[PDB]
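Pasting structure_24.pdb here (PDB, C-alpha atoms):
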ATOM      1  CA  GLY O   1     -20.073  13.048  55.693  1.00  0.00           C
ATOM      2  CA  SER O   2     -23.326  13.238  53.747  1.00  0.00           C
ATOM      3  CA  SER O   3     -23.317  12.215  50.083  1.00  0.00           C
ATOM      4  CA  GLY O   4     -19.585  11.629  50.408  1.00  0.00           C
ATOM      5  CA  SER O   5     -18.576  10.430  46.950  1.00  0.00           C
ATOM      6  CA  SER O   6     -15.594  11.009  44.660  1.00  0.00           C
ATOM      7  CA  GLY O   7     -13.653   9.424  41.814  1.00  0.00           C
ATOM      8  CA  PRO O   8     -14.953   9.412  38.221  1.00  0.00           C
ATOM      9  CA  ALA O   9     -15.985  12.579  36.387  1.00  0.00           C
ATOM     10  CA  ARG O  10     -19.144  13.274  34.384  1.00  0.00           C
ATOM     11  CA  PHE O  11     -19.492  15.603  31.397  1.00  0.00           C
ATOM     12  CA  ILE O  12     -21.616  18.383  32.889  1.00  0.00           C
ATOM     13  CA  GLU O  13     -21.635  20.141  29.516  1.00  0.00           C
ATOM     14  CA  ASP O  14     -21.943  18.269  26.219  1.00  0.00           C
ATOM     15  CA  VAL O  15     -19.967  19.722  23.313  1.00  0.00           C
ATOM     16  CA  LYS O  16     -21.868  21.443  20.506  1.00  0.00           C
ATOM     17  CA  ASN O  17     -22.236  20.251  16.912  1.00  0.00           C
ATOM     18  CA  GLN O  18     -19.135  20.799  14.778  1.00  0.00           C
ATOM     19  CA  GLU O  19     -19.244  22.541  11.399  1.00  0.00           C
ATOM     20  CA  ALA O  20     -16.366  23.786   9.246  1.00  0.00           C
ATOM     21  CA  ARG O  21     -15.620  24.078   5.528  1.00  0.00           C
ATOM     22  CA  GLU O  22     -13.061  21.672   4.067  1.00  0.00           C
ATOM     23  CA  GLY O  23      -9.445  22.562   4.784  1.00  0.00           C
ATOM     24  CA  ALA O  24     -10.457  24.037   8.131  1.00  0.00           C
ATOM     25  CA  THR O  25      -9.701  23.362  11.797  1.00  0.00           C
ATOM     26  CA  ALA O  26     -12.534  21.984  13.926  1.00  0.00           C
ATOM     27  CA  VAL O  27     -12.754  22.739  17.648  1.00  0.00           C
ATOM     28  CA  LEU O  28     -14.476  20.518  20.209  1.00  0.00           C
ATOM     29  CA  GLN O  29     -14.715  21.958  23.721  1.00  0.00           C
ATOM     30  CA  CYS O  30     -16.421  20.514  26.799  1.00  0.00           C
ATOM     31  CA  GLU O  31     -16.613  20.773  30.589  1.00  0.00           C
ATOM     32  CA  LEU O  32     -16.319  18.327  33.488  1.00  0.00           C
ATOM     33  CA  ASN O  33     -17.718  18.372  37.026  1.00  0.00           C
ATOM     34  CA  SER O  34     -14.183  17.718  38.270  1.00  0.00           C
ATOM     35  CA  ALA O  35     -10.617  17.882  36.958  1.00  0.00           C
ATOM     36  CA  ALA O  36     -10.223  14.731  34.865  1.00  0.00           C
ATOM     37  CA  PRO O  37      -8.616  13.532  31.606  1.00  0.00           C
ATOM     38  CA  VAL O  38     -10.450  12.662  28.389  1.00  0.00           C
ATOM     39  CA  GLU O  39     -10.157  10.548  25.241  1.00  0.00           C
ATOM     40  CA  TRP O  40     -11.340  12.299  22.078  1.00  0.00           C
ATOM     41  CA  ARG O  41     -12.799   9.591  19.842  1.00  0.00           C
ATOM     42  CA  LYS O  42     -14.049   9.564  16.248  1.00  0.00           C
ATOM     43  CA  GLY O  43     -16.288   7.339  14.147  1.00  0.00           C
ATOM     44  CA  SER O  44     -15.662   4.640  16.742  1.00  0.00           C
ATOM     45  CA  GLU O  45     -11.942   5.325  17.137  1.00  0.00           C
ATOM     46  CA  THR O  46      -9.600   6.747  19.776  1.00  0.00           C
ATOM     47  CA  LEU O  47      -7.668   9.897  18.875  1.00  0.00           C
ATOM     48  CA  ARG O  48      -4.436  11.306  20.302  1.00  0.00           C
ATOM     49  CA  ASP O  49      -2.788  14.732  20.416  1.00  0.00           C
ATOM     50  CA  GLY O  50      -0.211  15.120  17.662  1.00  0.00           C
ATOM     51  CA  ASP O  51       0.258  17.112  14.464  1.00  0.00           C
ATOM     52  CA  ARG O  52      -3.274  17.072  13.052  1.00  0.00           C
ATOM     53  CA  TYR O  53      -5.021  16.623  16.401  1.00  0.00           C
ATOM     54  CA  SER O  54      -4.559  19.094  19.255  1.00  0.00           C
ATOM     55  CA  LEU O  55      -5.996  18.187  22.659  1.00  0.00           C
ATOM     56  CA  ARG O  56      -5.819  20.923  25.295  1.00  0.00           C
ATOM     57  CA  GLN O  57      -7.298  20.812  28.798  1.00  0.00           C
ATOM     58  CA  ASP O  58      -7.572  23.557  31.416  1.00  0.00           C
ATOM     59  CA  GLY O  59      -8.637  22.054  34.732  1.00  0.00           C
ATOM     60  CA  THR O  60     -12.191  20.897  34.063  1.00  0.00           C
ATOM     61  CA  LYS O  61     -12.579  22.187  30.505  1.00  0.00           C
ATOM     62  CA  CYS O  62     -11.228  20.341  27.466  1.00  0.00           C
ATOM     63  CA  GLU O  63     -10.456  21.058  23.811  1.00  0.00           C
ATOM     64  CA  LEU O  64      -9.681  19.185  20.593  1.00  0.00           C
ATOM     65  CA  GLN O  65      -8.664  20.569  17.198  1.00  0.00           C
ATOM     66  CA  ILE O  66      -8.683  18.701  13.886  1.00  0.00           C
ATOM     67  CA  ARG O  67      -6.279  20.090  11.288  1.00  0.00           C
ATOM     68  CA  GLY O  68      -7.028  18.951   7.749  1.00  0.00           C
ATOM     69  CA  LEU O  69     -10.819  18.734   7.729  1.00  0.00           C
ATOM     70  CA  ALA O  70     -11.934  16.690   4.722  1.00  0.00           C
ATOM     71  CA  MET O  71     -15.066  14.989   3.394  1.00  0.00           C
ATOM     72  CA  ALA O  72     -13.913  11.718   4.955  1.00  0.00           C
ATOM     73  CA  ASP O  73     -13.328  13.354   8.338  1.00  0.00           C
ATOM     74  CA  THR O  74     -17.065  14.062   8.336  1.00  0.00           C
ATOM     75  CA  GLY O  75     -18.154  11.779  11.160  1.00  0.00           C
ATOM     76  CA  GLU O  76     -19.127  11.562  14.824  1.00  0.00           C
ATOM     77  CA  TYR O  77     -16.731  12.509  17.623  1.00  0.00           C
ATOM     78  CA  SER O  78     -17.156  11.526  21.273  1.00  0.00           C
ATOM     79  CA  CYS O  79     -15.160  12.737  24.276  1.00  0.00           C
ATOM     80  CA  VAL O  80     -14.925  10.043  26.951  1.00  0.00           C
ATOM     81  CA  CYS O  81     -13.594  10.777  30.436  1.00  0.00           C
ATOM     82  CA  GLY O  82     -14.492   7.535  32.186  1.00  0.00           C
ATOM     83  CA  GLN O  83     -17.965   6.003  32.203  1.00  0.00           C
ATOM     84  CA  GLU O  84     -19.812   8.797  30.402  1.00  0.00           C
ATOM     85  CA  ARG O  85     -19.028  10.678  27.191  1.00  0.00           C
ATOM     86  CA  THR O  86     -20.351  13.354  24.832  1.00  0.00           C
ATOM     87  CA  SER O  87     -20.963  13.510  21.081  1.00  0.00           C
ATOM     88  CA  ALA O  88     -21.109  16.207  18.404  1.00  0.00           C
ATOM     89  CA  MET O  89     -21.743  15.531  14.715  1.00  0.00           C
ATOM     90  CA  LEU O  90     -18.961  17.078  12.632  1.00  0.00           C
ATOM     91  CA  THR O  91     -20.017  18.188   9.151  1.00  0.00           C
ATOM     92  CA  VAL O  92     -17.307  19.161   6.665  1.00  0.00           C
ATOM     93  CA  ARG O  93     -18.914  21.518   4.150  1.00  0.00           C
ATOM     94  CA  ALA O  94     -16.894  20.927   0.982  1.00  0.00           C
ATOM     95  CA  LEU O  95     -15.343  24.182  -0.229  1.00  0.00           C
ATOM     96  CA  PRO O  96     -16.756  25.821  -3.387  1.00  0.00           C
ATOM     97  CA  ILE O  97     -14.740  24.380  -6.271  1.00  0.00           C
ATOM     98  CA  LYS O  98     -12.932  27.175  -8.110  1.00  0.00           C
ATOM     99  CA  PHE O  99     -13.942  25.662 -11.452  1.00  0.00           C
ATOM    100  CA  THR O 100     -12.996  28.092 -14.222  1.00  0.00           C
ATOM    101  CA  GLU O 101     -15.816  28.433 -16.750  1.00  0.00           C
ATOM    102  CA  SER O 102     -14.849  28.826 -20.408  1.00  0.00           C
ATOM    103  CA  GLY O 103     -16.969  31.200 -22.470  1.00  0.00           C
ATOM    104  CA  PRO O 104     -15.328  32.075 -25.806  1.00  0.00           C
ATOM    105  CA  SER O 105     -18.665  33.603 -26.804  1.00  0.00           C
ATOM    106  CA  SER O 106     -19.510  30.859 -29.297  1.00  0.00           C
ATOM    107  CA  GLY O 107     -22.369  28.952 -27.694  1.00  0.00           C
TER
END

I'd like the structure from this file rewritten - as structure tokens, please.
Amino acid sequence: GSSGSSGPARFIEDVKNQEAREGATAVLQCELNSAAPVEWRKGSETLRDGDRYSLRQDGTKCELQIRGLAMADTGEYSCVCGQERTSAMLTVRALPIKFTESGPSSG
């Protein structure tokens, strides 16, 4: 009766910034006011569940994993579910190079 509306879903909870060292697996989770699908984007691009990407939803909550985090991957991801969408900067902290120092004790 009153305020009778239904259809599109809005992201009640915006994902949190993403941070993981190179060669890691990011995880973007969010929540919706109502059971609805989503489209995990990236640097202005649409992503899809596959080998590297893993999108999992549980009713109103969503999830997206990124296997193979690299310097390039470092970008901005947005989860769209209709008219609105979220965003969480993903920083890929390059792993500490295992550079082997050589010290023959000469100088």

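Considering the residues O:43, O:24, O:35, O:80 and counting all atoms listed in the file, residue O:59 has its shortest atom-to-atom contact with O:35.
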
>> I'd like the interatomic distance between atom CA of residue O:8 and atom CA of residue O:52, to a tenth of an Å.
In response: 28.8 Å

>> Between atom CA of residue O:78 and atom CA of residue O:41, what distance in Å does the model show, to one decimal?
In response: 5.0 Å

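Restricting the calculation to all atoms listed in the file, the smallest distance between residue O:37 and any of O:94, O:15, O:9, O:70 is found for O:9.
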
> Counting all atoms listed in the file, which residues come within 12 Å of (-12.0, 24.8, 13.5), with the point read in the file's coordinates, and could you list them as a PyMOL selection string?
Replying inline: chain O and resi 17-29+52-54+63-70+90-92

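Reported to one decimal place, the separation of atom CA of residue O:39 from atom CA of residue O:72 is 20.7 Å.
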
>> For the provided coordinates, the residues matched by the PyMOL selection byres ((chain O and resi 84) around 12) should be stated as a PyMOL selection string.
In response: chain O and resi 8-14+32-33+38-39+78-83+85-87

> From the list O:57, O:3, O:106, O:74, which residue is nearest residue O:42 when using all atoms listed in the file?
Replying inline: O:74

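Each of O:1, O:31, O:77, O:47 was checked against residue O:60 using all atoms listed in the file; the smallest atom-to-atom distance is that of O:31.
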
Is it possible to add N, CA and C atoms to stretch 14-33 of chain O and hand it back as an mmCIF file, in the frame of the given file?
data_model
loop_
_atom_site.group_PDB
_atom_site.id
_atom_site.type_symbol
_atom_site.label_atom_id
_atom_site.label_comp_id
_atom_site.auth_asym_id
_atom_site.auth_seq_id
_atom_site.Cartn_x
_atom_site.Cartn_y
_atom_site.Cartn_z
ATOM 1 N N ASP O 14 -22.204 19.012 27.447
ATOM 2 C CA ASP O 14 -21.943 18.269 26.219
ATOM 3 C C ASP O 14 -21.556 19.211 25.084
ATOM 4 N N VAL O 15 -20.446 18.903 24.419
ATOM 5 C CA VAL O 15 -19.967 19.722 23.313
ATOM 6 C C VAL O 15 -21.090 20.034 22.332
ATOM 7 N N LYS O 16 -20.875 21.044 21.495
ATOM 8 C CA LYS O 16 -21.868 21.443 20.506
ATOM 9 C C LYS O 16 -21.477 20.958 19.114
ATOM 10 N N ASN O 17 -22.477 20.717 18.273
ATOM 11 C CA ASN O 17 -22.236 20.251 16.912
ATOM 12 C C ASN O 17 -21.026 20.953 16.303
ATOM 13 N N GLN O 18 -20.315 20.244 15.431
ATOM 14 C CA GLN O 18 -19.135 20.799 14.778
ATOM 15 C C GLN O 18 -19.388 21.016 13.290
ATOM 16 N N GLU O 19 -19.051 22.207 12.805
ATOM 17 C CA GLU O 19 -19.244 22.541 11.399
ATOM 18 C C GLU O 19 -18.123 23.445 10.895
ATOM 19 N N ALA O 20 -17.459 23.016 9.827
ATOM 20 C CA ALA O 20 -16.366 23.786 9.246
ATOM 21 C C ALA O 20 -16.103 23.365 7.804
ATOM 22 N N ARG O 21 -15.882 24.347 6.936
ATOM 23 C CA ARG O 21 -15.620 24.078 5.528
ATOM 24 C C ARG O 21 -14.309 23.317 5.355
ATOM 25 N N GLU O 22 -14.256 22.460 4.339
ATOM 26 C CA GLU O 22 -13.061 21.672 4.067
ATOM 27 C C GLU O 22 -11.802 22.515 4.241
ATOM 28 N N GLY O 23 -10.699 21.858 4.590
ATOM 29 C CA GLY O 23 -9.445 22.562 4.784
ATOM 30 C C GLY O 23 -9.492 23.519 5.958
ATOM 31 N N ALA O 24 -10.321 23.199 6.947
ATOM 32 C CA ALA O 24 -10.457 24.037 8.131
ATOM 33 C C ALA O 24 -9.960 23.312 9.377
ATOM 34 N N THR O 25 -10.133 23.945 10.533
ATOM 35 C CA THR O 25 -9.701 23.362 11.797
ATOM 36 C C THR O 25 -10.843 23.328 12.806
ATOM 37 N N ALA O 26 -11.431 22.150 12.987
ATOM 38 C CA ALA O 26 -12.534 21.984 13.926
ATOM 39 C C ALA O 26 -12.084 22.264 15.355
ATOM 40 N N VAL O 27 -13.050 22.461 16.248
ATOM 41 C CA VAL O 27 -12.754 22.739 17.648
ATOM 42 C C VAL O 27 -13.846 22.193 18.560
ATOM 43 N N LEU O 28 -13.522 21.136 19.295
ATOM 44 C CA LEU O 28 -14.476 20.518 20.209
ATOM 45 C C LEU O 28 -14.112 20.814 21.660
ATOM 46 N N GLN O 29 -14.950 21.600 22.327
ATOM 47 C CA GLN O 29 -14.715 21.958 23.721
ATOM 48 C C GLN O 29 -15.822 21.410 24.617
ATOM 49 N N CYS O 30 -15.459 21.054 25.845
ATOM 50 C CA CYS O 30 -16.421 20.514 26.799
ATOM 51 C C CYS O 30 -16.047 20.904 28.226
ATOM 52 N N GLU O 31 -16.858 20.467 29.184
ATOM 53 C CA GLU O 31 -16.613 20.773 30.589
ATOM 54 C C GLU O 31 -16.894 19.557 31.468
ATOM 55 N N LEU O 32 -16.152 19.443 32.564
ATOM 56 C CA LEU O 32 -16.319 18.327 33.488
ATOM 57 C C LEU O 32 -16.633 18.828 34.895
ATOM 58 N N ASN O 33 -17.351 18.013 35.660
ATOM 59 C CA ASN O 33 -17.718 18.372 37.026
ATOM 60 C C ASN O 33 -16.485 18.427 37.923
#
